[PDB]
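I have placed the structure first, in the form of structure tokens, so that the comments after it can refer back to it.
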Amino acid sequence: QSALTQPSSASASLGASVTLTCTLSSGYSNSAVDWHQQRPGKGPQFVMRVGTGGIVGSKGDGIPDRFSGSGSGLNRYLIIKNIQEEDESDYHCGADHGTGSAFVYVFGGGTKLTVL
Amino acid sequence: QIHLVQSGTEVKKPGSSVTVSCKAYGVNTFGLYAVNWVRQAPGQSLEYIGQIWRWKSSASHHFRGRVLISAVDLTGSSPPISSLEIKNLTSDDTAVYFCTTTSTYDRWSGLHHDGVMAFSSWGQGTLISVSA
Amino acid sequence: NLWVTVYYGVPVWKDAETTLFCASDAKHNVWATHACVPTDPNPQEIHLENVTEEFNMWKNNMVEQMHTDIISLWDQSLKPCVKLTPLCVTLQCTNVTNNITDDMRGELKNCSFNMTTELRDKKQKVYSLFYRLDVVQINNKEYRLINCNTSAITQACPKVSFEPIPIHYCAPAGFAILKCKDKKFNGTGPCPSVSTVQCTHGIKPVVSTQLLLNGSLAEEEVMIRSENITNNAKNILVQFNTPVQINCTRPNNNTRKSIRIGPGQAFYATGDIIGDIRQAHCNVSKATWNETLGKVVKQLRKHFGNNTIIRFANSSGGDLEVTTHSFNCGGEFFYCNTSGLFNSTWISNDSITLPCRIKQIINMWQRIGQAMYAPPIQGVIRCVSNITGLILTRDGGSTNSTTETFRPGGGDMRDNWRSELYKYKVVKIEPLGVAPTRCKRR
Amino acid sequence: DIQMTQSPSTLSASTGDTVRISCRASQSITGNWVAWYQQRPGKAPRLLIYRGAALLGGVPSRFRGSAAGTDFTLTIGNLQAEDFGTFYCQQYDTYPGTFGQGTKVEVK
Amino acid sequence: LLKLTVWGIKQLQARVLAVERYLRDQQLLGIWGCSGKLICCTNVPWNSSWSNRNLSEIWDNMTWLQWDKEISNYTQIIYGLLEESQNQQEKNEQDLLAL
Amino acid sequence: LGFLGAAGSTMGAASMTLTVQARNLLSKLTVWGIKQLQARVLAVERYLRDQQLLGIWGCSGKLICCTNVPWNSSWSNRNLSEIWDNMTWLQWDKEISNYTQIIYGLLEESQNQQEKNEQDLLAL
Amino acid sequence: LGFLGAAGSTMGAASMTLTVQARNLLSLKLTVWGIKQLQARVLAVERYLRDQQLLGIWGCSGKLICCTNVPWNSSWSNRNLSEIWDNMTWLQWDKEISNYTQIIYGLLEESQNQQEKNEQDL
Amino acid sequence: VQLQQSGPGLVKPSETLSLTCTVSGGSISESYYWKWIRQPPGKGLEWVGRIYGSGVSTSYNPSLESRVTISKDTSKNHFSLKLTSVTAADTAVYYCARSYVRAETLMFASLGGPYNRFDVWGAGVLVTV
Ligand SMILES: *[C@@H]1O[C@H](CO)[C@@H](O[C@@H]2O[C@H](CO)[C@@H](O[C@@H]3O[C@H](CO[C@H]4O[C@H](CO[C@H]5O[C@H](CO)[C@@H](O)[C@H](O)[C@@H]5O[C@H]5O[C@H](CO)[C@@H](O)[C@H](O)[C@@H]5O)[C@@H](O)[C@H](O[C@H]5O[C@H](CO)[C@@H](O)[C@H](O)[C@@H]5O[C@H]5O[C@H](CO)[C@@H](O)[C@H](O)[C@@H]5O)[C@@H]4O)[C@@H](O)[C@H](O[C@H]4O[C@H](CO)[C@@H](O)[C@H](O)[C@@H]4O[C@H]4O[C@H](CO)[C@@H](O)[C@H](O)[C@@H]4O[C@H]4O[C@H](CO)[C@@H](O)[C@H](O)[C@@H]4O)[C@@H]3O)[C@H](O)[C@H]2NC(C)=O)[C@H](O)[C@H]1NC(C)=O
Ligand SMILES: *[C@@H]1O[C@H](CO)[C@@H](O[C@@H]2O[C@H](CO)[C@@H](O[C@@H]3O[C@H](CO)[C@@H](O)[C@H](O)[C@@H]3O)[C@H](O)[C@H]2NC(C)=O)[C@H](O)[C@H]1NC(C)=O
Ligand SMILES: *[C@@H]1O[C@H](CO)[C@@H](O[C@@H]2O[C@H](CO)[C@@H](O[C@@H]3O[C@H](CO)[C@@H](O)[C@H](O)[C@@H]3O)[C@H](O)[C@H]2NC(C)=O)[C@H](O)[C@H]1NC(C)=O
Ligand SMILES: *[C@@H]1O[C@H](CO)[C@@H](O[C@@H]2O[C@H](CO)[C@@H](O)[C@H](O)[C@H]2NC(C)=O)[C@H](O)[C@H]1NC(C)=O
Ligand SMILES: *[C@@H]1O[C@H](CO)[C@@H](O[C@@H]2O[C@H](CO)[C@@H](O)[C@H](O)[C@H]2NC(C)=O)[C@H](O)[C@H]1NC(C)=O
Ligand SMILES: *[C@@H]1O[C@H](CO)[C@@H](O[C@@H]2O[C@H](CO)[C@@H](O)[C@H](O)[C@H]2NC(C)=O)[C@H](O)[C@H]1NC(C)=O
Ligand SMILES: *[C@@H]1O[C@H](CO)[C@@H](O[C@@H]2O[C@H](CO)[C@@H](O)[C@H](O)[C@H]2NC(C)=O)[C@H](O)[C@H]1NC(C)=O
Ligand SMILES: *[C@@H]1O[C@H](CO)[C@@H](O[C@@H]2O[C@H](CO)[C@@H](O)[C@H](O)[C@H]2NC(C)=O)[C@H](O)[C@H]1NC(C)=O
Ligand SMILES: *[C@@H]1O[C@H](CO)[C@@H](O[C@@H]2O[C@H](CO)[C@@H](O)[C@H](O)[C@H]2NC(C)=O)[C@H](O)[C@H]1NC(C)=O
Ligand SMILES: *[C@@H]1O[C@H](CO)[C@@H](O[C@@H]2O[C@H](CO)[C@@H](O)[C@H](O)[C@H]2NC(C)=O)[C@H](O)[C@H]1NC(C)=O
Ligand SMILES: *[C@@H]1O[C@H](CO)[C@@H](O[C@@H]2O[C@H](CO)[C@@H](O)[C@H](O)[C@H]2NC(C)=O)[C@H](O)[C@H]1NC(C)=O
Ligand SMILES: *[C@@H]1O[C@H](CO)[C@@H](O[C@@H]2O[C@H](CO)[C@@H](O)[C@H](O)[C@H]2NC(C)=O)[C@H](O)[C@H]1NC(C)=O
Ligand SMILES: *[C@@H]1O[C@H](CO)[C@@H](O)[C@H](O)[C@H]1NC(C)=O
Ligand SMILES: *[C@@H]1O[C@H](CO)[C@@H](O)[C@H](O)[C@H]1NC(C)=O
Ligand SMILES: *[C@@H]1O[C@H](CO)[C@@H](O)[C@H](O)[C@H]1NC(C)=O
Ligand SMILES: *[C@@H]1O[C@H](CO)[C@@H](O)[C@H](O)[C@H]1NC(C)=O
Ligand SMILES: *[C@@H]1O[C@H](CO)[C@@H](O)[C@H](O)[C@H]1NC(C)=O
Ligand SMILES: *[C@@H]1O[C@H](CO)[C@@H](O)[C@H](O)[C@H]1NC(C)=O
Ligand SMILES: *[C@@H]1O[C@H](CO)[C@@H](O)[C@H](O)[C@H]1NC(C)=O
Ligand SMILES: *[C@@H]1O[C@H](CO)[C@@H](O)[C@H](O)[C@H]1NC(C)=O
Ligand SMILES: *[C@@H]1O[C@H](CO)[C@@H](O)[C@H](O)[C@H]1NC(C)=O
């Protein structure tokens with residue numbers, strides 16, 4: 001658990017593929033991680049829910065097809081192929097655990113994608 | 001409903017014996033209940049003195065060989081009483097004494113842990129003052 | 001290359017029929033409320049996405065089991081108490097002469113009759129008050145009861161109450177209930193938003209005709225449903241989107257008298273009235289009724305054309321059950337004359353009062369062989385209700401003009417519960433499946 | 001032996017505010033053997049909450065308790081004019097029992 | 001207790017069908033060698049006459065309802081092959097254990 | 001062969017069709033309702049009373065499961081040729097019908113000792 | 001010792017006779033004594049299948065002494081391995097873990113879960 | 001289908017808290033989970049509370065237990081959040097969000113089952129203490 005994620009330093013150029021990584025604590029290895037995109041000054045929205053393999057559900061309302069998801073053992077990759085002028089925000093993870101009476105929701109540190 | 005009464009306010013002298021009574025209305029037998037005798041000094045916290053449970057009387061490690069707790073069951077013309085006797089009291093025993101009961105009928109009640117239990121119903125409080 | 005792999009717990013379901021048990025919310029009643037299991041306060045509803053299920057409300061099996069469970073719950077409370085076998089005899093009946101109005105001239109009758117006491121070789125002459133709809137003359141006058149030549153008279157049992165209790169029809173293990181979430185669903189066709197549940201919502205077993213009582217409401221618009229809109233032999237169900245409050249009352253003050261008949265038994269009848277004799281009546285709002293009729297004629301022109309005149313009329317004829325709106329609140333059975341509400345012609349603070357009559361002999365579920373005698377209720381009976389639906393039929397003309405005639409109808413109790421179970425479908429889950437993979441054992 | 005420490009020693013509040021009283025034991029009580037008592041000046045003590053967060057018959061729902069490790073917290077929301085007294089936390093895990101030191105609640 | 005007025009014949013039979021549907025599923029899962037497993041693998045090969053689809057088309061496009069509708073004519077023979085293969089593997093393990 | 005088709009064969013020729021008989025052991029208040037309900041209850045109880053005895057010895061899901069107890073010479077002094085090739089199943093159950101209780105008792109404590117010996121293996 | 005004969009012993013001496021209690025939890029008209037026998041049989045089936053369904057989702061079906069890979073937390077009990085099996089009994093140990101029973105019951109469900117086939121299927 | 005937030009101004013320490021988030025386009029008694037999330041300025045997100053709309057089951061954070069109270073009113077479809085004993089270092093942004101159960105069928109290689117899914121987020125109000 002605890003959503004051990006990458007720090008908020010990530011360099012990217014106009015026309016490159018970025019693979020953001022969300023990891024577990026090497027104890028569970030089978031979960032579903034949400035990806036929240038918080039714009040600077042605006043409210044966050046739901047984008048994708050990745051897990052073991054590809055996507056487990058569907059994408060959010062207003063999400064292009066350039067975003068993809070992958071999973072490998074303990075890592076969950078969000079891959080962005082092309083970078084436009086609106087493709088920088090704060091990317092946060094999220095993991096739910098427990099039952100209806102012992103529900104817990106652990107967030108992540110959140111990365112910050114930059115443009116050059 | 002269980003109601004507890006005690007004796008009246010009395011004064012004493014250093015070197016005598018003190019006998020405090022505790023009557024309870026509502027208790028059928030003392031086998032399903034346990035009686036605890038505690039005290040409280042004026043201006044200090046509470047202190048546990050002794051107890052009787054499963055017809056076995058005991059006290060703490062500070063009042064061993066000094067006090068004596070006795071009890072009797074349901075007499076057909078009197079409520080069940082409990083007596084506490086203090087022999088050779090010292091001049092720092094002026095306090096308010098309390099007699100509590102605790103129901104030990106249910107095993108999974110949570111109000112008792114191997115004899116060490118909490119107090120649910122409290123008595124009245126006997127003021128004991130000793131001076132020269 | 002590829003090997004077979006079994007999977008346990010696949011979401012595959014089929015259509016089947018099973019038995020649904022009761023579940024209520026935690027003085028006796030007719031319906032066994034205390035005999036059901038308690039209800040889970042946190043119901044689990046699984047929104048099954050990307051599943052389009054085809055529903056058909058006119059081929060459901062839940063209403064045929066619900067009608068049987070309602071009928072079987074009614075014939076068990078009339079058994080273990082007193083049955084009135086020798087009651088219908090030659091009655092000597094006169095009229096009443098008291099502080100009475102003009103409209104109650106022939107309704108109340110003062111009858112007298114002989115009856116056997118606890119001794120078999122003795123008699124006792126007693127008297128009672130009966131209604132006009134319960135006595136039939138034999139051509140002071142000679143009268144008799146109506147059910148003495150048709151059915152067997154048993155008394156309604158004076159320890160039970162007739163209030164509606166909401167119950168839930170749950171499903172056992174291995175089954176589920178699919179429910180469609182379309183707010184404009186007409187009970188027939190596809191639905192792309194389904195939900196898997198175990199139990200249903202609160203359904204009140206309320207019996208009425210020509211006017212749907214409390215029930216449940218719609219969400220967006222007034223819904224019109226029918227099995228076949230072309231044929232004039234099927235009823236048309238109209239579901240409103242707003243409730244209309246109706247206040248029914250009976251200003252009489254009846255007293256109960258216990259004539260001890262047979263050995264160890266009793267017979268409750270009406271005593272003497274203390275006060276005046278006033279008609280029981282129901283008041284309805286005049287401002288909201290015209291707006292609900294406007295919503296009905298606005299939602300009704302989609303199936304008959306944009307240039308069709310809609311004329312509302314009263315009932316044509318028949319027995320007392322179909323021609324009058326029958327219900328029961330407080331403890332007595334009321335039959336109201338609704339000829340003043342269905343009177344309008346739509347082209348392309350005051351209150352309406354409807355008088356009613358109190359009946360004591362009720363032939364429930366239109367059967368022949370079993371009757372019921374309701375005991376008199378002591379006190380003033382005033383109740384309020386919400387009209388959240390309508391049952392309307394139509395007649396076939398010559399198909400040359402552009403007019404229509406809609407009349408209130410009913411009689412069949414299956415239409416009263418088809419407006420609430422028009423979205424639930426019982427399915428059976430099969431959890432086993434096979435699939436080809438690349439894995440091998442050991 | 002377990003030495004219970006109650007915090008704070010002396011506080012003051014008014015009608016409407018919440019009062020939080022903490023109790024810290026010496027060792028670790030994993031079985032949640034704790035009880036809270038109140039006492040008005042002149043009257044008899046009264047048990048309110050036994051075994052961490054279980055209420056007694058007659059105690060209103062405005063009193064709550066919580067247990068975490070060696071910290072037992074007692075929260076009083078919607079304080080009235082009949083709750084100003086002395087509070088005590090008593091453990092009954094090991095023999096013998098030990099009370100607290102008292103918490104006087106005054107009106108502001 | 002047990003009263004069978006209207007709701008005693010509907011509450012007992014529901015538990016009866018629940019017990020039967022649990023026991024039949026446990027008996028059908030026990031004879032295949034997967035008592036307590038869900039993604040257990042077998043030893044029988046997949047024939048090309050049942051479904052000639054590839055592995056990239058079934059697991060990403062198809063549905064369990066359409067998959068149950070597609071190979072519904074080749075359902076009992078897979079269960080018969082599994083019932084034969086479990087007994088053959090048990091006899092092979094008994095032959096290997098006797099040495 | 002079918003259901004009970006190898007009833008007349010030997011013990012070695014009938015130990016291969018054990019899966020046929022192992023799958024046919026489970027499947028208004030009128031006169032014909034209470035009899036069906038009692039029949040279903042009796043079938044469920046007869047299945048459970050055999051599944052419990054299969055689960056005590058440690059044969060949950062196995063039919064030719066092996067044990068660890070030795071075979072005493074006082075029960076049957078026959079070799080492997082006069083049992084699996086000459087006698088049938090209707091005579092072998094009558095041959096050792098007086099020694100089944102001690103075998104059923106010995107099959108329990110050995111499984112208990114094997115389960116309590118596994119606890120001292122993973123504790124290293 | 002017999003059925004419930006080791007109730008007064010400690011946890012180390014009562015955990016060796018589980019086979020005694022492991023075989024006593026399971027075993028015509030509509031009169032007042034005909035329905036009670038059917039009710040008792042249905043209740044005996046219900047009180048056994050519900051207890052057997054819990055061992056199937058934990059991976060301990062058919063085992064009396066079964067242990068898994070769930071780490072024991074230090075906040076549930078602060079005792080050693082000598083003051084539990086040699087001093088406390090089964091009637092006193094159940095009273096202390098009553099506030100942490102559902103947490104262990106929920107942690108035991110996912111264990112036999114995080115141990116299922118993954119892509120290895122491809 | 002939409003959420004409208006209404007937050008107060010500055011909050012004095014050692015006092016109570018009151019927040020609201022009105023829904024629009026859907027009923028409050030439906031099978032949906034409402035979540036109250038907090039976020040300090042600079043650090044990451046932190047889930048606080050969750051309440052079921054069709055029941056009484058509520059879930060709070062274990063680090064802030066006996067401090068958070070979430071109630072619901074079905075009169076005008078509101079849910080209220082209260083947090084007594086306000087620490088002066090708890091200035092943050094609050095968000096109301098929705099989450100529902102999804103068990104869609106796509107024939108995956110693994111079984112999985114029903115999970116939780118967020119559909120509607122909130123604007124968020126700033127609480128300065
Ligand atoms: C049902 O059934 C049942 C059956 O089961 C029942 O039950 C029952 O009941 C009954 C009632 O009635 C009962 O009886 C009772 O009992 C009791 C008990 O006691 C106990 O305890 C005691 C004490 O101990 C202590 O001490 C000692 C000496 O010192 C020591 O040794 C010990 O150890 C202890 O010590 C401890 O503690 C302390 C503190 O305190 C500390 O410090 C230390 O350290 C330690 O820890 C004892 O003693 C006892 O014992 C006895 O008993 C036994 C038996 O049980 C025996 O075995 C022994 O031996 C002994 O004996 C003795 O005594 C006796 C008499 O009792 C004689 O006889 C002989 O001989 C000898 O000596 C026990 O354990 C008791 O207590 C009681 O008593 C009472 O009563 C009598 C008669 O009446 C008399 O006599 C006495 O005295 C008493 O009385 C008193 O009290 C009361 C009330 O309160 C009063 O009123 C009176 O008056 C008196 O008083 C007096 O005295 C006091 C002192 O005490 C003073 O204070 C005053 O002032 C005065 O003077 C009885 O007995 C029984 O038990 C039962 N059972 C069983 C089994 O449990 C039932 O009930 C039924 N039900 C119905 C409903 O009925
Ligand atoms: C007929 O329909 C009307 C309108 O739907 C019903 O009136 C409604 O009655 C309920 C009774 O529970 C009112 O609910 C209220 O909720 C608040 C929430 O705090 C509670 O404090 C109240 O005590 C009450 O329970 C609801 O507001 C009300 N709707 C209105 C007046 O528009 C009426 O009950 C139905 N039945 C009859 C016989 O009239
Ligand atoms: C439709 O729903 C309304 C709910 O407002 C029902 O009205 C309620 O009906 C019950 C029984 O029918 C009334 O209880 C009775 O009240 C009288 C006093 O008027 C009392 O003497 C009886 O012992 C009994 O308790 C209740 O007062 C009445 N009103 C309310 C506000 O609950 C109405 O009956 C429902 N329609 C049908 C057809 O059931
Ligand atoms: C129905 O008829 C009976 C007659 O059998 C009436 O009973 C009499 O009423 C008058 C006036 O109240 C009394 O003076 C008599 O003593 C009554 N006779 C008996 C035998 O009771 C009865 O009042 C009539 N009912 C009504 C409603 O008028
Ligand atoms: C009730 O029984 C009495 C007899 O006890 C009936 O009174 C007789 O009526 C007949 C015809 O009406 C007369 O010929 C007799 O003279 C009457 N008296 C006797 C003593 O027989 C009475 O008609 C019966 N019915 C009612 C309604 O009172
Ligand atoms: C039972 O009695 C009732 C009451 O008279 C009968 O109902 C009417 O009987 C007459 C015969 O004189 C018919 O002309 C009417 O059409 C009947 N109905 C009504 C509404 O008045 C009833 O027919 C009798 N039952 C039987 C089987 O004959
Ligand atoms: C239904 O409406 C009628 C008339 O609109 C009401 O009758 C009135 O009742 C009051 C009070 O008794 C009298 O002062 C009036 O004179 C009556 N009006 C008439 C025209 O007679 C009746 O009370 C209403 N009923 C309900 C339940 O609201
Ligand atoms: C039916 O009865 C209700 C009472 O339950 C009436 O509601 C009241 O109407 C009066 C009209 O002036 C208002 O002053 C009251 O505030 C209403 N409420 C109550 C609780 O009394 C309703 O108007 C009646 N409807 C009809 C058609 O008579
Ligand atoms: C429907 O309304 C019509 C007319 O308003 C009713 O017909 C009248 O009925 C009365 C009593 O039966 C007769 O005296 C009149 O002569 C009838 N008039 C006509 C023009 O036919 C009819 O009875 C009503 N139907 C119901 C079921 O109430
Ligand atoms: C229902 O009410 C209507 C009108 O309120 C009744 O129609 C009246 O019937 C009488 C004959 O009984 C005629 O004299 C009136 O002229 C009719 N009214 C109108 C406006 O035409 C109708 O009869 C009632 N239904 C029943 C079954 O009594
Ligand atoms: C149905 O509606 C018509 C039209 O309003 C009613 O006819 C009128 O009734 C009143 C009431 O007596 C008369 O004063 C008018 O002369 C009638 N005619 C017109 C043209 O207004 C009719 O009575 C209604 N029927 C019922 C049963 O209410
Ligand atoms: C530990 O568990 C016990 C028993 O399960 C809890 O005691 C119950 O608490 C509830 C909540 O107030 C009361 O309504 C019951 O009356 C209590 N007693 C019972 C069920 O016998 C106790 O609260 C739990 N402790 C904690 C900290 O959760
Ligand atoms: C449902 O699944 C199919 C794939 O089988 C997909 O093409 C379709 O878009 C899905 N429906 C929705 C509404 O996303
Ligand atoms: C008695 O009532 C009937 C029914 O209305 C009537 O026909 C008869 O004329 C009335 N008789 C008297 C005397 O009033
Ligand atoms: C009805 O009559 C009774 C007398 O038994 C009386 O007490 C009651 O007040 C009357 N009802 C009304 C509404 O006056
Ligand atoms: C109902 O409303 C229509 C217009 O919407 C009006 O023409 C008609 O007169 C109204 N009827 C009554 C009875 O008020
Ligand atoms: C009938 O009227 C409605 C009014 O909304 C309109 O939408 C519809 O197109 C009309 N139909 C025809 C055939 O004119
Ligand atoms: C596959 O199918 C063919 C044709 O039905 C059959 O001859 C062959 O035996 C089958 N083999 C397997 C492995 O099922
Ligand atoms: C019956 O016995 C004969 C010879 O004794 C043998 O050939 C035959 O296979 C036996 N039948 C069965 C079913 O084994
Ligand atoms: C065999 O039986 C003998 C005589 O009863 C007994 O002494 C011995 O322990 C048994 N041995 C085995 C291996 O069961
Ligand atoms: C009961 O306690 C005694 C100690 O006095 C002990 O020797 C005995 O073994 C205990 N009984 C059981 C069944 O363990």
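Ligands are numbered from 1 in the order shown, chains are lettered A, B, ... in the order of the structure tokens, and residues start at 1 in each chain.
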Problem set entry | Cut-off 9 Å, only C-alpha atoms and all ligand atoms, neighbours of ligand 18 as a list in words | residues 44, 45, 46, 47, 48, 49, 50, 77, 78 and 81 of chain E
Problem set entry | Who sits within 6 Å of region 41-52 of chain H, only C-alpha atoms, same chain under 6 positions skipped, as a list in words | residues 107 and 109 of chain A; 33, 34, 35, 58, 59, 60 and 61 of chain H
Just C-alpha atoms for this one: save the residues we selected as an mmCIF file, in the first residue's frame.
data_model
loop_
_atom_site.group_PDB
_atom_site.id
_atom_site.type_symbol
_atom_site.label_atom_id
_atom_site.label_comp_id
_atom_site.auth_asym_id
_atom_site.auth_seq_id
_atom_site.Cartn_x
_atom_site.Cartn_y
_atom_site.Cartn_z
ATOM 1 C CA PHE A 107 -3.723 8.599 -2.125
ATOM 2 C CA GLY A 109 2.323 11.993 -3.509
ATOM 3 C CA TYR H 33 -21.361 6.711 -2.330
ATOM 4 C CA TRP H 34 -20.531 10.329 -1.468
ATOM 5 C CA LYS H 35 -16.927 11.080 -0.510
ATOM 6 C CA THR H 58 -20.276 5.510 7.042
ATOM 7 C CA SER H 59 -16.485 5.284 6.816
ATOM 8 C CA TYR H 60 -13.924 7.697 8.263
ATOM 9 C CA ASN H 61 -10.144 7.978 8.319
#
For this session: Compile the residues of chain A that lie within 12 Å of chain H, evaluated using only C-alpha atoms, and express the compilation as a VMD selection string.
Result: chain A and resid 2 to 3 5 7 to 8 30 to 61 90 to 112
Write as a JSON list (two decimals) with C-alpha atoms, in the first residue's frame the residues around ligand 1, taking 10 Å as the cut-off and counting only C-alpha atoms and all ligand atoms.
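See selection03.json below for the written result:
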[["chain", "number", "residue", "atom", "x", "y", "z"],
["B", 17, "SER", "CA", -12.33, -0.51, 65.57],
["B", 18, "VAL", "CA", -14.60, 0.73, 62.77],
["B", 19, "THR", "CA", -17.53, -1.28, 61.38],
["B", 20, "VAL", "CA", -19.24, -0.07, 58.19],
["B", 21, "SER", "CA", -22.42, -1.69, 56.85],
["B", 22, "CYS", "CA", -23.75, -1.79, 53.29],
["B", 23, "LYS", "CA", -27.30, -2.89, 52.43],
["B", 28, "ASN", "CA", -31.23, -11.79, 45.12],
["B", 29, "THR", "CA", -28.01, -13.74, 45.80],
["B", 30, "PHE", "CA", -24.39, -12.68, 46.21],
["B", 31, "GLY", "CA", -23.26, -15.54, 43.98],
["B", 49, "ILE", "CA", -9.38, -1.36, 49.25],
["B", 50, "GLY", "CA", -11.03, -4.74, 48.88],
["B", 51, "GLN", "CA", -13.65, -6.97, 47.31],
["B", 52, "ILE", "CA", -15.60, -10.19, 47.68],
["B", 53, "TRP", "CA", -16.51, -12.35, 44.68],
["B", 54, "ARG", "CA", -17.66, -15.99, 44.29],
["B", 55, "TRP", "CA", -17.86, -16.08, 48.13],
["B", 56, "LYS", "CA", -14.13, -15.30, 48.29],
["B", 57, "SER", "CA", -12.96, -12.14, 50.07],
["B", 58, "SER", "CA", -9.68, -10.44, 49.18],
["B", 59, "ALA", "CA", -7.91, -7.08, 49.39],
["B", 60, "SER", "CA", -5.03, -5.23, 47.77],
["B", 61, "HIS", "CA", -1.35, -5.48, 48.74],
["B", 62, "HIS", "CA", -1.59, -2.27, 50.82],
["B", 63, "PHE", "CA", -4.35, -3.36, 53.24],
["B", 64, "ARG", "CA", -3.33, -6.98, 53.85],
["B", 65, "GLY", "CA", -3.95, -8.11, 57.42],
["B", 66, "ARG", "CA", -5.74, -4.90, 58.43],
["B", 67, "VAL", "CA", -9.33, -4.96, 57.11],
["B", 68, "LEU", "CA", -11.94, -7.71, 57.10],
["B", 69, "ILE", "CA", -14.85, -8.02, 54.65],
["B", 70, "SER", "CA", -17.85, -10.25, 55.36],
["B", 71, "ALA", "CA", -21.21, -10.79, 53.68],
["B", 72, "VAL", "CA", -24.48, -12.68, 54.13],
["B", 73, "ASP", "CA", -27.05, -13.91, 51.62],
["B", 74, "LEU", "CA", -30.81, -13.34, 51.31],
["B", 75, "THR", "CA", -32.35, -13.63, 54.76],
["B", 76, "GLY", "CA", -36.14, -14.02, 54.53],
["B", 80, "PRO", "CA", -28.43, -8.89, 52.25],
["B", 81, "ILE", "CA", -25.80, -6.83, 54.05],
["B", 82, "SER", "CA", -22.03, -6.53, 53.76],
["B", 83, "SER", "CA", -19.74, -5.53, 56.64],
["B", 84, "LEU", "CA", -16.25, -4.00, 56.56],
["B", 85, "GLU", "CA", -14.18, -3.97, 59.76],
["B", 86, "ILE", "CA", -11.05, -1.85, 60.16],
["B", 87, "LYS", "CA", -8.88, -2.62, 63.20]]
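Atom pair CA of residue 57 (chain F) / CA of residue 25 (chain G) has a distance of 16.2 Å (rounded to one decimal).
For residue 85 (chain D), the list of residues within 9 Å, based on only C-alpha atoms and with local chain neighbours fewer than 4 positions off taken out, reads residues 38, 39, 40, 41, 103, 104, 105 and 106 of chain D.
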Please write the residues from the selection above to a file, keeping C-alpha atoms, as a compact mmCIF listing (two decimals), in the first residue's frame.
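This is the output file selection_14.txt:
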# COMPACT_ATOMS: atom_id res chain seq x y z
CA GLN D 38 -17.90 11.33 36.48
CA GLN D 39 -18.56 12.80 39.91
CA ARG D 40 -20.45 15.93 40.92
CA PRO D 41 -19.21 17.71 44.08
CA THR D 103 -10.21 16.74 35.70
CA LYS D 104 -12.18 19.72 37.00
CA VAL D 105 -14.53 21.26 34.43
CA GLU D 106 -15.59 24.85 35.12
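Using only C-alpha atoms, the chain H residues found within 8 Å of chain D amount to residues 15, 65, 66, 84 and 85 of chain H.
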For this session: Residues within 8 Å of ligand 3, counting only C-alpha atoms and all ligand atoms: report them as a list in words.
Result: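 So, counting only C-alpha atoms and all ligand atoms, the residues near ligand 3 are residues 162, 163, 164, 206, 207, 213, 214, 327, 328, 329, 330, 331, 381, 382, 383, 384, 385 and 386 of chain C.
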For this session: Find the residues near ligand 2. Use a cut-off of 9 Å, count only C-alpha atoms and all ligand atoms, and write them as a list in words.
Result: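 Based on only C-alpha atoms and all ligand atoms, ligand 2 is surrounded within 9 Å by residues 214, 217, 242, 243, 244, 245, 246, 247, 383, 384, 385, 386, 387 and 388 of chain C; 73, 74, 75 and 76 of chain H.
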